[PDB]
Every structure is written in C-alpha cells, then in structure tokens.
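Contents: one structure, followed by commentary.
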Amino acid sequence: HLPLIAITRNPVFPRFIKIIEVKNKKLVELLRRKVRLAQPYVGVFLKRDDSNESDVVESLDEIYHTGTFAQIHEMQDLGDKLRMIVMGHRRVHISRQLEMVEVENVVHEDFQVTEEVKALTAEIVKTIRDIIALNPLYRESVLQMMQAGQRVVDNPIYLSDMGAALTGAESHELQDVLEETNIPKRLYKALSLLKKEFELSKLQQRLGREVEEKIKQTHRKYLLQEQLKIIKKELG
Amino acid sequence: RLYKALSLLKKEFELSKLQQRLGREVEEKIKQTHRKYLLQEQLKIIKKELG
Amino acid sequence: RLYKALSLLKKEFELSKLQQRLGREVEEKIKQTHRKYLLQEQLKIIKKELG
Amino acid sequence: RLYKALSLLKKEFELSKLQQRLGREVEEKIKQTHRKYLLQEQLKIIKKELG
Amino acid sequence: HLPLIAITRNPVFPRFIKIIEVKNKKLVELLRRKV
C-alpha cells in the first residue's frame with residue numbers, strides 16, 4: 001500500500017543499477033516516512049505515452065500495470081535532496097493497478113534439453129561484444145566480470161536483460177518486450193533491438209567517414225593546387 | 001580420437017551452421033520489414049540539429 | 001654493375017627526398033600562415049571580449 | 001694483435017677510400033649531365049600537377 | 001604431491017596459452033611457496 005512512484009522519464013532496466021531524481025519534494029516525504037519501517041522498499045513502474053505529472057497524481061491508470069519491486073540500498077543526496085538508488089530485482093505485472101494484490105509471476109520456463117538452447121547465447125554475446133566494441137557505451141570490464149565460460153550466469157534471462165540494457169531502444173519497445181511471455185520471442189525481440197541500434201550506429205560511422213573523406217579530398221586537392229602555385233612561381 | 005574429433009567437428013560445425021541459417025532466416029524476416037522503415041529511420045534522422 | 005645499380009638507387013633516393021622536403025616545407029609554411037592567424041584571431045576574441 | 005688490428009684498420013680504410021673516391025668519380029661523371037636536364041625535370045613536374 | 005588446483009571454469013586446451021584468475025587467495029600462497 002504505497003502511492004505509485006512518479007518515475008519522471010527514468011527508465012529502470014531489470015538488473016541494472018539506476019538513480020532517480022524527481023524534482024518534486026513530495027516523494028522525499030514518503031522516503032522519510034518509510035525509514036521508520038525495519039525493511040524499507042520501493043517499487044518501480046514504467047510510464048505510458050505522453051508523460052504528465054498532474055495526471056500521475058490525479059489518476060492512477062497512466063502508469064503501466066507492470067512494476068519492478070526492489071529493495072532500497074542507501075541514500076546519497078549530494079546536491080539534490082532526492083537522489084535515490086533504484087534497481088531491478090523483482091519484475092511483476094499487477095492484474096489491475098487500480099486494485100494491493102500482487103504475485104511474483106517471474107516466468108522462466110526452459111526446455112529440458114539444454115544443449116542447443118545455449119547456442120543462441122553465443123550469438124547474443126557476439127552481438128553484444130560487437131556493439132560495445134564498435135559503439136562503446138559502458139565499460140567492457142563488466143563483460144570481463146561476467147564471461148559465458150565462467151558458468152556464473154545462473155540467470156541467463158538476466159544476462160539478456162543486462163545486454164538489452166545497453167540498447168538505446170525506446171522505452172515503449174522495452175515495455176513490449178516485457179509483454180512477451182515466450183522465451184524465444186523475448187530473446188528474438190531483444191536481439192532485434194540490438195540490431196535496431198546496430199544499423200543506425202554503423203550508418204553514423206559510414207556517414208562520418210564519408211564527410212571526413214570529403215573534407216580531406218577538398219583540402220588535399222587544395223594542397224595540390226598550392227604545390228602548383230609554389231612550384232610555378234616566377235614563371236609567368 | 002581422429003574419428004571422434006571428426007564427429008565433434010561435424011556436430012559443432014552443424015550447430016554453428018544451422019544457427020547461421022536459422023539466424024539468416026530470422027534476420028531475413030527482420031529484413032522482411034519494408035525498406036520504407038529504413039527510409040523512415042532516415043527521415044527521423046534528418047530532424048535532429050536545430051530545425 | 002652492383003655499384004651502378006646502387007648509385008641509381010641512390011640517385012632516385014636523392015631526387016625523391018628533394019621533392020618531399022620541398023613539399024613538407026611548403027606545408028609547414030601553410031601552418032605558419034594559419035597558426036599565426038589563429039593567434040591574431042585570439043587577439044580578436046580578447047579585444048572583442050574586453051577591448 | 002694490436003698491430004695486426006691496426007693494419008686491418010689501415011687496409012679497410014684503404015678499401016673504403018678507393019670505393020668512396022671511385023664513387024665520387026662516378027657521381028662526377030653523372031654530374032657531367034647538364035643542369036638543363038634537372039630544369040627540364042622540374043618543367044615536366046610543372047606540367048604534371050593538380051592531377 | 002601438490003594441492004589440487006581450482007580450475008574454476010577455465011578450460012586449458014593442450015598446447016594453448018591460457019590465463020587463470022581464481023578468486024581464492026589460498027593459491028597465491030602456493031605460488032609464492034614454489035618460488
């Protein structure tokens with residue numbers, strides 16, 4: 001029984017540390033009111049299209065039924081009075097947020113035959129490795145921490161979500177990926193988001209090299225014309 | 001061990017090969033998305049700087 | 001014949017290095033052109049900001 | 001051994017001297033070619049510029 | 001007569017250079033002891 005948090009354009013990806021800084025101080029009242037509890041906690045939900053804080057505090061249907069319950073860790077408040085750390089541990093989908101009853105329907109079905117099911121993992125890690133190599137966003141050291149050969153990936157779905165965390169794909173696409181129930185479908189969609197970033201990235205690099213070669217050609221040729229002007233002095 | 005190594009190279013190459021063709025089919029089905037989606041990505045790219 | 005072939009190699013090394021030295025020197029003459037213009041440009045921004 | 005090594009330095013210097021003198025001569029014999037051949041080369045360089 | 005190494009999920013194919021980084025520090029004592 002707590003009010004839905006005003007996320008205010010702060011996407012909290014599953015199993016990915018994140019910070020939240022709402023400009024409103026009303027949430028600070030609730031965060032101080034839960035310090036007295038022996039086990040404070042906070043929930044995280046995702047906003048639908050056209051964010052509006054007044055609708056969030058007036059109606060409760062704007063926020064998606066999906067939530068991401070998590071434990072609180074530690075306050076900071078270096079500058080602002082509300083720099084709270086969120087993370088993604090327990091995903092959930094309330095049947096009706098207006099009504100609160102909840103259940104941990106963190107489905108994780110897997111086929112009994114687990115030999116070729118990891119073959120896709122090689123293509124997922126190779127793709128993720130090419131996104132961070134050709135388009136570095138976060139440190140590669142975390143990849144050195146979590147290697148596929150160490151067998152420490154007790155939760156492959158969490159690896160695929162952390163690898164999808166690197167994607168730049170829009171939050172609506174992530175909400176649709178959360179809507180998927182079948183394992184191959186959510187895996188293929190997270191892959192399609194990886195490719196969706198990859199096309200635009202490789203294009204930006206091709207566009208850059210083109211424009212740079214154009215500037216080079218334009219100046220290099222000017223250098224040739226200059227070599228003509230200097231080697232030809234006092235001959236006209 | 002040359003026989004079993006040959007059988008392992010066959011089975012492993014068949015796994016990477018079938019993954020490459022099945023992935024080529026899933027990639028072609030993502031290529032089934034019309035080239036208008038690619039052009040519309042470029043249309044949205046035109047609207048970036050100032051305006 | 002070995003001395004003459006080495007002397008031809010030397011002759012091309014000489015004519016080549018002469019063309020390259022004149023070209024790098026002219027290029028540095030461009031850099032001396034522009035760089036001082038960047039200094040004068042800095043004078044301009046300083047005078048335009050407080051002059 | 002000091003004298004044999006000194007004699008080797010003398011003979012090696014005599015070989016290097018005869019090679020450098022014969023080569024100063026071959027360089028002179030190619031230098032007999034007129035400076036007009038060099039100015040013709042720079043002339044051709046003028047004609048082959050800017051692509 | 002050496003303690004068993006902690007392979008800790010690190011294949012070392014024959015005639016193949018490989019690096020090992022077990023998280024336990026007890027193996028480091030054996031590495032200094034063999035010097």
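Ordering of the structure tokens sets the chain letters (A, B, ...), residue numbers begin anew at 1 in every chain, and ligands are numbered from 1 in the order given.
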Checklist entry - Can you tell me, as a PyMOL selection string, what residues are no more than 8 Å from residue A:5 when counting only C-alpha atoms, ignoring any on the same chain fewer than 4 positions away? => result chain A and resi 27+43-45
Next on the checklist: Please identify all residues of chain A having at least one atom at most 8 Å from any atom of chain D, considering only C-alpha atoms, and return them as a ChimeraX atom specification.
Outcome noted: /A:221,224-225,227-228,231-232
Could you write out chain C as a PDB file with N, CA and C atoms, in the first residue's frame once it has been least-squares superposed on chain D using every ordered C-alpha pair?
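Here's the written file selection38.pdb:
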ATOM      1  N   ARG C   1     105.279  -6.621 -34.261  1.00  0.00           N
ATOM      2  CA  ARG C   1     104.336  -7.374 -35.087  1.00  0.00           C
ATOM      3  C   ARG C   1     102.907  -6.901 -34.871  1.00  0.00           C
ATOM      4  N   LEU C   2     102.552  -6.517 -33.641  1.00  0.00           N
ATOM      5  CA  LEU C   2     101.215  -5.975 -33.428  1.00  0.00           C
ATOM      6  C   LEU C   2     101.022  -4.640 -34.138  1.00  0.00           C
ATOM      7  N   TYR C   3     102.049  -3.777 -34.151  1.00  0.00           N
ATOM      8  CA  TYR C   3     101.900  -2.520 -34.877  1.00  0.00           C
ATOM      9  C   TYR C   3     101.809  -2.793 -36.369  1.00  0.00           C
ATOM     10  N   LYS C   4     102.578  -3.756 -36.882  1.00  0.00           N
ATOM     11  CA  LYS C   4     102.570  -3.961 -38.324  1.00  0.00           C
ATOM     12  C   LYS C   4     101.265  -4.596 -38.765  1.00  0.00           C
ATOM     13  N   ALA C   5     100.713  -5.498 -37.956  1.00  0.00           N
ATOM     14  CA  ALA C   5      99.414  -6.059 -38.290  1.00  0.00           C
ATOM     15  C   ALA C   5      98.316  -5.000 -38.221  1.00  0.00           C
ATOM     16  N   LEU C   6      98.380  -4.101 -37.228  1.00  0.00           N
ATOM     17  CA  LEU C   6      97.410  -3.012 -37.183  1.00  0.00           C
ATOM     18  C   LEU C   6      97.613  -2.032 -38.333  1.00  0.00           C
ATOM     19  N   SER C   7      98.862  -1.798 -38.746  1.00  0.00           N
ATOM     20  CA  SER C   7      99.125  -0.933 -39.892  1.00  0.00           C
ATOM     21  C   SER C   7      98.685  -1.563 -41.205  1.00  0.00           C
ATOM     22  N   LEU C   8      98.709  -2.895 -41.306  1.00  0.00           N
ATOM     23  CA  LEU C   8      98.141  -3.541 -42.486  1.00  0.00           C
ATOM     24  C   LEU C   8      96.626  -3.396 -42.470  1.00  0.00           C
ATOM     25  N   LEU C   9      96.022  -3.498 -41.277  1.00  0.00           N
ATOM     26  CA  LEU C   9      94.578  -3.328 -41.168  1.00  0.00           C
ATOM     27  C   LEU C   9      94.223  -1.908 -41.583  1.00  0.00           C
ATOM     28  N   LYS C  10      95.031  -0.947 -41.135  1.00  0.00           N
ATOM     29  CA  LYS C  10      94.845   0.447 -41.516  1.00  0.00           C
ATOM     30  C   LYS C  10      95.046   0.641 -43.017  1.00  0.00           C
ATOM     31  N   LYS C  11      96.012  -0.066 -43.615  1.00  0.00           N
ATOM     32  CA  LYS C  11      96.301   0.102 -45.038  1.00  0.00           C
ATOM     33  C   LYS C  11      95.141  -0.362 -45.902  1.00  0.00           C
ATOM     34  N   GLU C  12      94.548  -1.490 -45.521  1.00  0.00           N
ATOM     35  CA  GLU C  12      93.347  -1.951 -46.203  1.00  0.00           C
ATOM     36  C   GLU C  12      92.153  -1.067 -45.898  1.00  0.00           C
ATOM     37  N   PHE C  13      92.100  -0.465 -44.705  1.00  0.00           N
ATOM     38  CA  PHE C  13      90.993   0.439 -44.430  1.00  0.00           C
ATOM     39  C   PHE C  13      91.100   1.674 -45.319  1.00  0.00           C
ATOM     40  N   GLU C  14      92.339   2.103 -45.602  1.00  0.00           N
ATOM     41  CA  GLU C  14      92.566   3.284 -46.428  1.00  0.00           C
ATOM     42  C   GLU C  14      92.217   3.028 -47.888  1.00  0.00           C
ATOM     43  N   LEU C  15      92.756   1.939 -48.455  1.00  0.00           N
ATOM     44  CA  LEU C  15      92.464   1.635 -49.854  1.00  0.00           C
ATOM     45  C   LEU C  15      90.988   1.310 -50.062  1.00  0.00           C
ATOM     46  N   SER C  16      90.358   0.686 -49.056  1.00  0.00           N
ATOM     47  CA  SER C  16      88.947   0.367 -49.171  1.00  0.00           C
ATOM     48  C   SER C  16      88.119   1.638 -49.174  1.00  0.00           C
ATOM     49  N   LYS C  17      88.340   2.520 -48.182  1.00  0.00           N
ATOM     50  CA  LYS C  17      87.539   3.735 -48.111  1.00  0.00           C
ATOM     51  C   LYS C  17      87.763   4.608 -49.334  1.00  0.00           C
ATOM     52  N   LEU C  18      88.967   4.595 -49.920  1.00  0.00           N
ATOM     53  CA  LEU C  18      89.157   5.376 -51.138  1.00  0.00           C
ATOM     54  C   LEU C  18      88.291   4.846 -52.274  1.00  0.00           C
ATOM     55  N   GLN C  19      88.199   3.515 -52.410  1.00  0.00           N
ATOM     56  CA  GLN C  19      87.383   2.992 -53.505  1.00  0.00           C
ATOM     57  C   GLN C  19      85.903   3.266 -53.260  1.00  0.00           C
ATOM     58  N   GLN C  20      85.478   3.189 -51.996  1.00  0.00           N
ATOM     59  CA  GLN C  20      84.070   3.425 -51.697  1.00  0.00           C
ATOM     60  C   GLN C  20      83.707   4.895 -51.873  1.00  0.00           C
ATOM     61  N   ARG C  21      84.562   5.819 -51.410  1.00  0.00           N
ATOM     62  CA  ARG C  21      84.286   7.244 -51.604  1.00  0.00           C
ATOM     63  C   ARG C  21      84.193   7.611 -53.081  1.00  0.00           C
ATOM     64  N   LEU C  22      85.096   7.080 -53.926  1.00  0.00           N
ATOM     65  CA  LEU C  22      84.975   7.407 -55.346  1.00  0.00           C
ATOM     66  C   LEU C  22      83.683   6.839 -55.929  1.00  0.00           C
ATOM     67  N   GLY C  23      83.232   5.689 -55.418  1.00  0.00           N
ATOM     68  CA  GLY C  23      82.024   5.092 -55.960  1.00  0.00           C
ATOM     69  C   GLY C  23      80.743   5.788 -55.530  1.00  0.00           C
ATOM     70  N   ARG C  24      80.632   6.145 -54.244  1.00  0.00           N
ATOM     71  CA  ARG C  24      79.458   6.897 -53.797  1.00  0.00           C
ATOM     72  C   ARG C  24      79.417   8.266 -54.457  1.00  0.00           C
ATOM     73  N   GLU C  25      80.584   8.869 -54.715  1.00  0.00           N
ATOM     74  CA  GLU C  25      80.584  10.205 -55.288  1.00  0.00           C
ATOM     75  C   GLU C  25      80.091  10.125 -56.730  1.00  0.00           C
ATOM     76  N   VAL C  26      80.547   9.116 -57.479  1.00  0.00           N
ATOM     77  CA  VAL C  26      80.071   8.943 -58.850  1.00  0.00           C
ATOM     78  C   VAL C  26      78.563   8.700 -58.844  1.00  0.00           C
ATOM     79  N   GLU C  27      78.075   7.952 -57.848  1.00  0.00           N
ATOM     80  CA  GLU C  27      76.646   7.663 -57.801  1.00  0.00           C
ATOM     81  C   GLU C  27      75.864   8.948 -57.581  1.00  0.00           C
ATOM     82  N   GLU C  28      76.324   9.775 -56.642  1.00  0.00           N
ATOM     83  CA  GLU C  28      75.690  11.072 -56.446  1.00  0.00           C
ATOM     84  C   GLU C  28      75.779  11.923 -57.710  1.00  0.00           C
ATOM     85  N   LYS C  29      76.842  11.762 -58.504  1.00  0.00           N
ATOM     86  CA  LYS C  29      76.913  12.471 -59.778  1.00  0.00           C
ATOM     87  C   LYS C  29      75.822  11.995 -60.736  1.00  0.00           C
ATOM     88  N   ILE C  30      75.381  10.745 -60.584  1.00  0.00           N
ATOM     89  CA  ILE C  30      74.217  10.301 -61.356  1.00  0.00           C
ATOM     90  C   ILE C  30      72.980  10.988 -60.826  1.00  0.00           C
ATOM     91  N   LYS C  31      72.863  11.051 -59.509  1.00  0.00           N
ATOM     92  CA  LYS C  31      71.678  11.678 -58.942  1.00  0.00           C
ATOM     93  C   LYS C  31      71.596  13.147 -59.335  1.00  0.00           C
ATOM     94  N   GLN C  32      72.722  13.863 -59.321  1.00  0.00           N
ATOM     95  CA  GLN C  32      72.719  15.235 -59.826  1.00  0.00           C
ATOM     96  C   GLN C  32      72.382  15.296 -61.308  1.00  0.00           C
ATOM     97  N   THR C  33      72.746  14.267 -62.066  1.00  0.00           N
ATOM     98  CA  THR C  33      72.332  14.195 -63.461  1.00  0.00           C
ATOM     99  C   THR C  33      70.805  14.129 -63.529  1.00  0.00           C
ATOM    100  N   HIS C  34      70.256  13.059 -62.950  1.00  0.00           N
ATOM    101  CA  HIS C  34      68.841  12.785 -63.112  1.00  0.00           C
ATOM    102  C   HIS C  34      67.988  13.845 -62.449  1.00  0.00           C
ATOM    103  N   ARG C  35      68.364  14.306 -61.245  1.00  0.00           N
ATOM    104  CA  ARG C  35      67.417  15.092 -60.464  1.00  0.00           C
ATOM    105  C   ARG C  35      67.109  16.369 -61.212  1.00  0.00           C
ATOM    106  N   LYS C  36      68.162  16.974 -61.767  1.00  0.00           N
ATOM    107  CA  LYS C  36      67.973  18.183 -62.534  1.00  0.00           C
ATOM    108  C   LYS C  36      67.177  17.871 -63.777  1.00  0.00           C
ATOM    109  N   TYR C  37      67.325  16.649 -64.312  1.00  0.00           N
ATOM    110  CA  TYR C  37      66.469  16.320 -65.443  1.00  0.00           C
ATOM    111  C   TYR C  37      65.011  16.231 -65.016  1.00  0.00           C
ATOM    112  N   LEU C  38      64.745  15.784 -63.787  1.00  0.00           N
ATOM    113  CA  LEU C  38      63.383  15.836 -63.248  1.00  0.00           C
ATOM    114  C   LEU C  38      62.898  17.261 -63.076  1.00  0.00           C
ATOM    115  N   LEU C  39      63.792  18.176 -62.721  1.00  0.00           N
ATOM    116  CA  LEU C  39      63.399  19.583 -62.650  1.00  0.00           C
ATOM    117  C   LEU C  39      63.084  20.126 -64.033  1.00  0.00           C
ATOM    118  N   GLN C  40      63.939  19.837 -65.003  1.00  0.00           N
ATOM    119  CA  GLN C  40      63.669  20.281 -66.360  1.00  0.00           C
ATOM    120  C   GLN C  40      62.388  19.648 -66.875  1.00  0.00           C
ATOM    121  N   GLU C  41      62.146  18.400 -66.490  1.00  0.00           N
ATOM    122  CA  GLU C  41      60.904  17.714 -66.808  1.00  0.00           C
ATOM    123  C   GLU C  41      59.711  18.432 -66.197  1.00  0.00           C
ATOM    124  N   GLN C  42      59.867  18.920 -64.973  1.00  0.00           N
ATOM    125  CA  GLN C  42      58.821  19.718 -64.355  1.00  0.00           C
ATOM    126  C   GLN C  42      58.622  21.021 -65.113  1.00  0.00           C
ATOM    127  N   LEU C  43      59.716  21.619 -65.605  1.00  0.00           N
ATOM    128  CA  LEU C  43      59.591  22.823 -66.428  1.00  0.00           C
ATOM    129  C   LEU C  43      58.781  22.484 -67.667  1.00  0.00           C
ATOM    130  N   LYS C  44      58.995  21.276 -68.200  1.00  0.00           N
ATOM    131  CA  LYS C  44      58.343  20.867 -69.432  1.00  0.00           C
ATOM    132  C   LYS C  44      56.862  20.710 -69.177  1.00  0.00           C
ATOM    133  N   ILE C  45      56.500  20.041 -68.085  1.00  0.00           N
ATOM    134  CA  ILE C  45      55.084  19.850 -67.799  1.00  0.00           C
ATOM    135  C   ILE C  45      54.426  21.187 -67.494  1.00  0.00           C
ATOM    136  N   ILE C  46      55.166  22.145 -66.939  1.00  0.00           N
ATOM    137  CA  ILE C  46      54.543  23.420 -66.606  1.00  0.00           C
ATOM    138  C   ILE C  46      54.315  24.214 -67.880  1.00  0.00           C
ATOM    139  N   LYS C  47      55.282  24.161 -68.787  1.00  0.00           N
ATOM    140  CA  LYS C  47      55.174  24.881 -70.044  1.00  0.00           C
ATOM    141  C   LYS C  47      54.170  24.175 -70.944  1.00  0.00           C
ATOM    142  N   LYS C  48      54.062  22.860 -70.820  1.00  0.00           N
ATOM    143  CA  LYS C  48      53.109  22.127 -71.623  1.00  0.00           C
ATOM    144  C   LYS C  48      51.702  22.316 -71.089  1.00  0.00           C
ATOM    145  N   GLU C  49      51.559  22.668 -69.801  1.00  0.00           N
ATOM    146  CA  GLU C  49      50.236  22.844 -69.240  1.00  0.00           C
ATOM    147  C   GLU C  49      49.758  24.281 -69.312  1.00  0.00           C
ATOM    148  N   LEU C  50      50.674  25.254 -69.372  1.00  0.00           N
ATOM    149  CA  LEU C  50      50.272  26.652 -69.453  1.00  0.00           C
ATOM    150  C   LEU C  50      51.206  27.483 -70.324  1.00  0.00           C
ATOM    151  N   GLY C  51      52.279  26.902 -70.845  1.00  0.00           N
ATOM    152  CA  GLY C  51      53.232  27.638 -71.647  1.00  0.00           C
ATOM    153  C   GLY C  51      53.088  27.636 -73.153  1.00  0.00           C
TER     154      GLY C  51
END
Contact residues (chain E, partner chain A, 12 Å, only C-alpha atoms) as a CSV table (one decimal) with N, CA and C atoms, in the first residue's frame:
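As a result, part.csv now contains:
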chain,number,residue,atom,x,y,z
E,7,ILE,N,40.3,-25.3,-10.9
E,7,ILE,CA,40.2,-24.9,-12.3
E,7,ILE,C,39.2,-23.7,-12.4
E,8,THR,N,38.2,-23.7,-11.6
E,8,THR,CA,37.1,-22.7,-11.6
E,8,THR,C,36.7,-22.2,-12.9
E,9,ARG,N,36.2,-23.1,-13.8
E,9,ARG,CA,35.6,-22.8,-15.1
E,9,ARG,C,36.6,-22.1,-16.0
E,10,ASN,N,37.7,-22.8,-16.3
E,10,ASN,CA,38.8,-22.2,-17.1
E,10,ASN,C,39.4,-23.4,-17.9
E,11,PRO,N,38.8,-23.7,-19.1
E,11,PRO,CA,39.5,-24.7,-20.0
E,11,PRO,C,40.8,-24.3,-20.4
E,12,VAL,N,41.7,-25.2,-20.5
E,12,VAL,CA,43.1,-25.0,-21.0
E,12,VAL,C,43.4,-26.1,-22.0
E,20,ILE,N,44.7,-17.9,-15.8
E,20,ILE,CA,43.8,-18.3,-14.7
E,20,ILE,C,43.8,-17.2,-13.7
E,21,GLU,N,42.5,-16.9,-13.2
E,21,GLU,CA,42.3,-15.9,-12.1
E,21,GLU,C,41.2,-16.5,-11.2
E,22,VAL,N,41.5,-17.4,-10.4
E,22,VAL,CA,40.6,-17.9,-9.3
E,22,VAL,C,40.5,-16.8,-8.3
E,23,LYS,N,39.3,-16.7,-7.7
E,23,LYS,CA,39.0,-15.7,-6.7
E,23,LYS,C,39.7,-15.9,-5.4
Checklist entry - Please, which residues of stretch 26-224 of chain A, numbered as in this document, come out strand (DSSP E or B) from DSSP, as a ChimeraX atom specification? => result /A:41-42,45-47,63-71,84-86,90-93
I need the residues of stretch 125-171 of chain A that end up classed as helix (DSSP H, G or I) by DSSP on the backbone, written out as a PDB file with C-alpha atoms, in the first residue's frame.
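Just written: states_6.pdb:
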ATOM      1  CA  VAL A 125      27.198 -12.394 -26.652  1.00  0.00           C
ATOM      2  CA  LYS A 126      28.914 -11.976 -30.033  1.00  0.00           C
ATOM      3  CA  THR A 127      26.382  -9.300 -30.941  1.00  0.00           C
ATOM      4  CA  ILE A 128      26.719  -7.557 -27.558  1.00  0.00           C
ATOM      5  CA  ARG A 129      30.503  -7.770 -27.915  1.00  0.00           C
ATOM      6  CA  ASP A 130      30.318  -6.074 -31.302  1.00  0.00           C
ATOM      7  CA  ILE A 131      28.050  -3.309 -30.005  1.00  0.00           C
ATOM      8  CA  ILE A 132      30.401  -2.477 -27.151  1.00  0.00           C
ATOM      9  CA  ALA A 133      33.468  -2.806 -29.397  1.00  0.00           C
ATOM     10  CA  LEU A 134      32.225  -0.750 -32.345  1.00  0.00           C
ATOM     11  CA  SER A 141      35.285  -4.658 -17.683  1.00  0.00           C
ATOM     12  CA  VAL A 142      31.817  -5.793 -16.582  1.00  0.00           C
ATOM     13  CA  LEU A 143      31.935  -8.194 -19.525  1.00  0.00           C
ATOM     14  CA  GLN A 144      35.235  -9.430 -18.132  1.00  0.00           C
ATOM     15  CA  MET A 145      33.466  -9.916 -14.790  1.00  0.00           C
ATOM     16  CA  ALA A 148      29.977 -17.015 -20.523  1.00  0.00           C
ATOM     17  CA  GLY A 149      32.727 -19.561 -19.829  1.00  0.00           C
ATOM     18  CA  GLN A 150      32.669 -18.999 -16.058  1.00  0.00           C
ATOM     19  CA  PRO A 156      20.566 -16.215 -18.499  1.00  0.00           C
ATOM     20  CA  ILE A 157      17.375 -14.158 -18.750  1.00  0.00           C
ATOM     21  CA  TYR A 158      19.072 -11.574 -16.536  1.00  0.00           C
ATOM     22  CA  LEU A 159      22.128 -11.629 -18.819  1.00  0.00           C
ATOM     23  CA  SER A 160      19.907 -10.996 -21.830  1.00  0.00           C
ATOM     24  CA  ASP A 161      18.193  -8.169 -19.930  1.00  0.00           C
ATOM     25  CA  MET A 162      21.541  -6.626 -18.910  1.00  0.00           C
ATOM     26  CA  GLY A 163      22.693  -6.940 -22.509  1.00  0.00           C
ATOM     27  CA  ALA A 164      19.444  -5.367 -23.610  1.00  0.00           C
ATOM     28  CA  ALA A 165      20.179  -2.633 -21.069  1.00  0.00           C
ATOM     29  CA  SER A 171      11.023   2.554 -23.590  1.00  0.00           C
TER      30      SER A 171
END
